[PDB]
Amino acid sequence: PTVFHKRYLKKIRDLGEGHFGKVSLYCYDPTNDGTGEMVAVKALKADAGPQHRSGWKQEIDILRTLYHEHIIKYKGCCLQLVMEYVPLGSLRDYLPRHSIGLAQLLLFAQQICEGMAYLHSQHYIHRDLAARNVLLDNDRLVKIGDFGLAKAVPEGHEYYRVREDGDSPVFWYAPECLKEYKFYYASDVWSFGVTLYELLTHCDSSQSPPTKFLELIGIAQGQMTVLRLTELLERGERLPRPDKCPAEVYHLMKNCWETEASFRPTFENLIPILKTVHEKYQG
């Protein structure tokens, strides 16, 4: 509802970009003095089609109505999406550069669950839960930073019917997404399991989910990369145990990766469990 005037928005640097989105850092200086507040501004790339353009207002309305300590703060519009600047950036860019302890990773893991549990309680599915969409406020504060794929689950259904795209993050997806094209709340849990794997590997590119699943599938599979991913997943093949990752944390990852969606923990279930595991490694 807040209206930011384009003239006061002074671009500083580009922060990140997706297939049809771009996020840039701006100083909103109506004067020109030190008061100039730092804002993150998200806009639609020129190439975006009318499907992604129509679902952009819907994105803006999702973040508009989400108020949670582990969800990026919405500021207003100028359409361009004005949000808070989350100082240390994505975990994907941060972790390969800063060696963070196991205890802190488990703490970040917990906060992702609280934001995710809150999101699910508002009847929304994220569909893009990955380390790149989790922003670092400080060494003890994390936030879900992008909702480009987020969708409301229709009232009388337990899943959203997904429209098989090219920009879909298939290496973060559960088999029911890849095979039946249904996105359950339990499908975000599968992705959290992947995100936890990313945190535990410090977002190292050589150990990333696409790197690991392609070493298994092969890089010359024609139109069959998704199909071969589905069959290895249904054969019970999973990402390896991140080196130094606790055995119990791995079993919790593996349990987020149950082939049967119903056998997976909810985000609510995960919070008491991660709080305990964190407390354990905090000592």
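Don't overthink the numbering: it's just position in the shown sequence, from 1.
Notably, residue 137 is never a gap: all other compared entries of this protein, restricted to those modelling both its neighbours, have coordinates for it, so the one-third criterion is not met. For residue 182, the fraction of other compared entries lacking coordinates, among those that model flanking residues, is zero, nowhere near a third. The segment from residue 170 to residue 171 is modelled without interruption, since every residue of the deposited sequence in that interval carries coordinates. When the two stretches 17 to 25 and 265 to 273 are set side by side, the higher mean Cα temperature factor goes to 17 to 25. Comparing 44 to 52 with 227 to 235, the higher mean C-alpha B-factor in the PDB entry belongs to 44 to 52. Of the candidates 161, 98, 92, 127, it is 98 whose Cα B-factor is highest according to the PDB record.
Of the candidates 200, 177, 88, 79, it is 79 whose Cα B-factor is highest according to the PDB record. Residue 244: CA B factor in the highest third of modelled residues in this chain (values from the PDB entry). Per the deposited record, the Cα B-factor of residue 69 falls in the middle third when ranked against the other modelled residues of its chain.
In this PDB entry, residue 146 carries a Cα temperature factor that places it within the middle third of its chain's modelled residues. The PDB entry assigns residue 251 a C-alpha temperature factor belonging to the middle third of its chain's modelled residues. Ranked within its chain, residue 84 lands in the middle third, by CA B factor from the PDB record.
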